[PDB]
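Asker: Sharing an experimental structure here, sequence included.
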Amino acid sequence: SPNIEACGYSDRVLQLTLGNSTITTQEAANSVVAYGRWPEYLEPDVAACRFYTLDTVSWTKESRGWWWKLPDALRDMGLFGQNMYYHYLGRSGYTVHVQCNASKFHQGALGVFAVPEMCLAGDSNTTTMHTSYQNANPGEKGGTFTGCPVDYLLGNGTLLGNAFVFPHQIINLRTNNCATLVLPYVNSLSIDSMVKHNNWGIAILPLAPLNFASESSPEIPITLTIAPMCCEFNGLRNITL
Amino acid sequence: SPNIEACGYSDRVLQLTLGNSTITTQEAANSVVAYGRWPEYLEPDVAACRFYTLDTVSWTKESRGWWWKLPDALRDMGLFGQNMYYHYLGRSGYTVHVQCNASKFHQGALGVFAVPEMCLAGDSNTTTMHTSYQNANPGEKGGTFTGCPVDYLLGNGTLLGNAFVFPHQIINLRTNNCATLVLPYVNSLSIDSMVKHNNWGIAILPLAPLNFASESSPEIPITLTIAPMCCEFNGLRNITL
Amino acid sequence: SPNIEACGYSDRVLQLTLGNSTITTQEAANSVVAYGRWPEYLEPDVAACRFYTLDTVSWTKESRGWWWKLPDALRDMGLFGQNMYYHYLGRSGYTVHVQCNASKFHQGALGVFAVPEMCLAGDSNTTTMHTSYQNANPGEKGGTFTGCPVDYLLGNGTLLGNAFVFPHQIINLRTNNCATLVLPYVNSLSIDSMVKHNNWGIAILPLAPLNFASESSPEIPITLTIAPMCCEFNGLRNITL
Amino acid sequence: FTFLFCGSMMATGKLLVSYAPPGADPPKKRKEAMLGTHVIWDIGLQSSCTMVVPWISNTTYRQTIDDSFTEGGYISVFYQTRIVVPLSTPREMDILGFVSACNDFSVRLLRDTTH
Amino acid sequence: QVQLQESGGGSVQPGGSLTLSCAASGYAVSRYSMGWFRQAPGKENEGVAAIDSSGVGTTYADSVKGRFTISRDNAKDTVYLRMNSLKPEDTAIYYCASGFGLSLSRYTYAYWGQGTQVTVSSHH
């Protein structure tokens, strides 16, 4: 689906500086808008709309994959976590940026899938949700697939090969080191409870296995930076403390 | 100094609504600007510039008085307490509003003194500060004078009778039920540490004793509402949590 | 429903003089039109359209309430009682004026409800009317509620709390000493028999109990003055005598 | 929410009516209630007090059914001070409460019951 | 909607104790809290003990402070009133009610009960 061929190596470094935060993107070009819709409006504004970096996870030959939930992931991130927790409402878009660096000597391909309403493994259609609020919500450390989400079934009862129906990019080691996904707010309502319902599902699975020459780094790292876009919350409620 | 005679009873009720907060002032008129200077600028703005009510204290025939510190008092008040604590800097003015209600049957007079750099009792000029950070900073509950601040010495080695040199109003039961003091930021520096240094000193002492007829309320209550005005803090520091 | 705040005490005395009669109203302002309709036409005119004072009733801590019927109440009042009795027809509006005076030392709240077709207690829906023509028609002395009209059921099988659906005012001792209700003619017909059918139902119940300080008046009085407005009767019948 | 004070003119004091948006724990201390939308209602000045409950909610149409813990504001008055009394008033008075919808209030899917 | 029954009420002795309990209906006691009011015959409702369900922190009236206890079990759907060192005044018409929480205030309680009478000084 993502049959692109930017350049291959590295050309120019253009750093995104949104408020206090500062990413130095590989370039910046090769970004995918989900369904062709930029996030929009239906209060820390520019102060709260800044990319927060989650924890770095280790990609090794045996990795099955990883998954995250939005808003959930960024529930501990300063200004965004707060306005999220001190409001009954909240809707917001996201700029997902997944960086995966290596060399001219590694190989493989990661698929970064952004799935709306990504319910995970519990074939119990006679009842979704299932897994306790704490299990389904792993926050910033994220959850992992296994050969409890089954990788080839994208952990939801649907063969991986078709996951390309959801917006996505493929980080292919020989081409790009970054994937960029602008995801607008997707839900059945104008605005809803951020604490209870998870808007999107960031999925990253080994579409090709990792292979390094002779002896180098035994494993390589991947990073996810997520930025809230057009975030509003109603209504200035409690300020407990 | 405050030789005024508004009306006497009650005329019109004009409520001050600054953001989420809502006071219904006795009237509003009869306000004193300290040294004839309104507060001014050298970020929750209108959201953080709203009157927060401190705890209500009981005025009885034996009361010696009460005292508070600014910023200190409002250190626990939502948006203002936070921006105060998450910043090395901070300067700000205040609208002090002290309400003292009774009837046509009570009598006495309270002096509301606003003293800049109001150091309290420790004749040790060879060393001010003295009283541990916790003692000198009683926050919202406030401190009390005694017949350790001595009332007639305004608890600082200077005879009360002269306290009228500092800006002040006198709540006289037969005339007004409210005192209003717009106090600008007063310090030796452009902007300083709010946590360490106390800008003003709100003092309330029985200038006349309280007297009620036959049998009524054994005591009457007084209330202090304080509003931050033109508050800035530098610089977006830590967000610990 | 009647959330008003005129002044509180007394300002100006403006006396209503309609013909031979003369009321000296507390003021005059704070009058409620029933359903927003002034009385109107579909023969002693200005001579018969004058406020007649009914008997004064005593409001005490144990009062359950009082009730009256219109036209019924004013059946003994000179020119209006006569044209009422010497005619098969008759329709007419009313200016109900209930005065309740005390001091700055009494307390409580009276609800003056004006109920159209106010049938009273006889849960026998399989038959209203019930109570003999003489019982249901107590004329000028009026009828009383009890803890036979039950107070909280407004004596008609409907919880008092909702009585505010009918036009009404609340005489609240700290605010107003008078209630004024302009009630137009309300019936299923253009014009009907005044002797047989009762148009309205003046209800006055203790919404708050009466409380006087130490020792004062053991009870306070309330007064109802009612004025016919736009009264026509058909047709010059018998003049018996 | 409108409240009419029915206490002896000559008395004073201060009260605080407060709101707390859907979800939050019932604010048990003044200090808490003080944080949410609230109005300081002076007894002395004006006998009546109106405190509008804004429409703060998730869905377009708020559920009017019997749900587990629907939210759901919190209108509650608090002793800002403690009642001042003149000479010898009974010292105990009441306040009444009134509720009403607004022009922006609507309803759908005509349901029922009768027995 | 919810109709919780006042259990444990009986005529005991001065200096004694008595356990009281109220079982849920309509909802699981756990969301609303539960408390007790002893409206002494001919006097107003009188607050004694209150406790929050999903956030245990007890509140007692000063007239019964120290001596009286209150506890909860959200799993058995019942609220436990432990009245200790009972005296002759402690003879009232007891009541349990559910409110928000956990705040002995004449009301701020919804569904009440039938009224269980504990005549402490039963012997003369």
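Answerer: Received, thanks. Numbering: from 1, shown residues only, chains lettered A, B, ... in the order given.
Asker: Find the nearest non-adjacent residue to residue 15, please.
Answerer: I went with chain A, as the question did not name one. Nearest residue to residue A:15, sequence neighbours excluded (Cβ to Cβ, 6 or more residues apart in numbering or on different chains): residue A:24, at 4.2 Å. (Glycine included, C-beta is placed from N, CA and C.)
Asker: Hmm, no, I was thinking of chain D.
Answerer: Counting by Cβ to Cβ, 6+ apart, the residue nearest residue D:15 is residue D:41, at 4.8 Å.
Asker: and what of residue E:89?
Answerer: residue E:40 (7.5 Å).
Asker: try residue A:179
Answerer: The nearest residue in space to residue A:179 (Cβ to Cβ, 6+ apart) is residue A:169, at 3.9 Å.
Asker: any idea how far chain B is from the one you found?
Answerer: 31 Å (Cβ to the nearest Cβ, to the nearest Å).
Asker: Tell me what that residue is bridged to.
Answerer: Residues in a beta bridge with residue A:169, per DSSP bridges, are residue A:112.
Asker: before we move on, the earlier item: so who does the residue nearest to residue A:15 touch?
Answerer: Counting by Cβ atoms under 8 Å, 6 or more residues apart in numbering or on different chains, residue A:24 makes contact with A:13, A:15-16.
Asker: What segments of the chain are strands?
Answerer: No chain in the question, so chain A it is. Using DSSP state E, the strands of chain A run over A:15-16, A:23-24, A:32-33, A:52-53, A:57-59, A:66-70, A:91-100, A:106-116, A:168-172, A:178-183, A:200-212, A:220-232.
Asker: hmm, I had chain E in mind actually
Answerer: So, for chain E - with DSSP E - the strands run E:5-7, E:16-23, E:34-39, E:47-51, E:59-60, E:69-73, E:78-86, E:92-97, E:116-118.
Asker: Can you pull the residues of chain E lying near chain D?
Answerer: Applying Cβ under 8 Å from any Cβ of the partner chain, one finds that chain E approaches chain D through E:1, E:27, E:31, E:55, E:100-103, E:108.
Asker: wouldn't residue A:225 be in contact with residue A:94 here?
Answerer: No. Here residue A:225 does not reach residue A:94: they are 10.4 Å apart, not a contact under Cβ atoms under 8 Å.
Asker: These two: which is more packed in?
Answerer: In this view residue A:225 and residue A:94 are compared by other Cβ atoms under 10 Å in any protein chain shown, and residue A:94 has more residues nearby, 27 against 18.
Asker: nearest spatial neighbour of the more buried one, skipping sequence neighbours?
Answerer: residue A:183 (4.9 Å).
Asker: so that neighbour makes contact with residue A:93?
Answerer: Yes. Residue A:183 is within contact range of residue A:93, at 6.2 Å (criterion: Cβ under 8 Å).
Asker: residues in contact with the residue nearest to residue D:15?
Answerer: B:24, D:3, D:14-17, D:49, D:77.
Asker: looking at the residues you listed, which has the most residues close by?
Answerer: Ranked by neighbours (other Cβ under 10 Å), those are led by residue D:14, which has 25 neighbours.
Asker: In a markdown table: the contacts of residue D:41, plus secondary structure and distance to residue B:200.
Answerer: What follows is the contacts of residue D:41, written out as a markdown table (DSSP: H, G, I helix; E, B strand; the rest coil; distance: Cβ to Cβ, whole Å):
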| residue | secondary structure | distance to residue B:200 |
| --- | --- | --- |
| B:24 | strand | 25 |
| D:3 | strand | 36 |
| D:14 | strand | 24 |
| D:15 | strand | 29 |
| D:16 | strand | 26 |
| D:17 | strand | 31 |
| D:49 | strand | 32 |
| D:77 | strand | 32 |
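Asker: which among those gets closest to chain E?
Answerer: residue D:77 (10.6 Å; Cβ to the nearest Cβ).
Asker: Just to check, residue A:61 is in contact with residue A:220?
Answerer: No. The criterion here is Cβ under 8 Å, and residue A:61 misses it with residue A:220 at 10.3 Å.
Asker: Need the overlap of contacts for those two.
Answerer: Shared contacts of residue A:61 and residue A:220, counting by Cβ under 8 Å, 6+ apart, come down to residue A:210.
Asker: Isn't residue A:86 up against residue A:235?
Answerer: No. Counting by Cβ under 8 Å, residue A:86 does not reach residue A:235; the two are 10.2 Å apart.
Asker: on that earlier part again, contacts only, for the residue nearest to residue A:94.
Answerer: A:34, A:39, A:70, A:93-96, A:114, A:167, A:200.
Asker: Please name the residues that touch the residue nearest in space to the middle of chain D.
Answerer: With distances taken as Cα atoms, centre = their mean, the residue of chain D nearest its centroid is residue D:75 (3.3 Å). Residues in contact with residue D:75 (Cβ under 8 Å, 6+ apart) are D:1, D:17-19, D:51, D:53.
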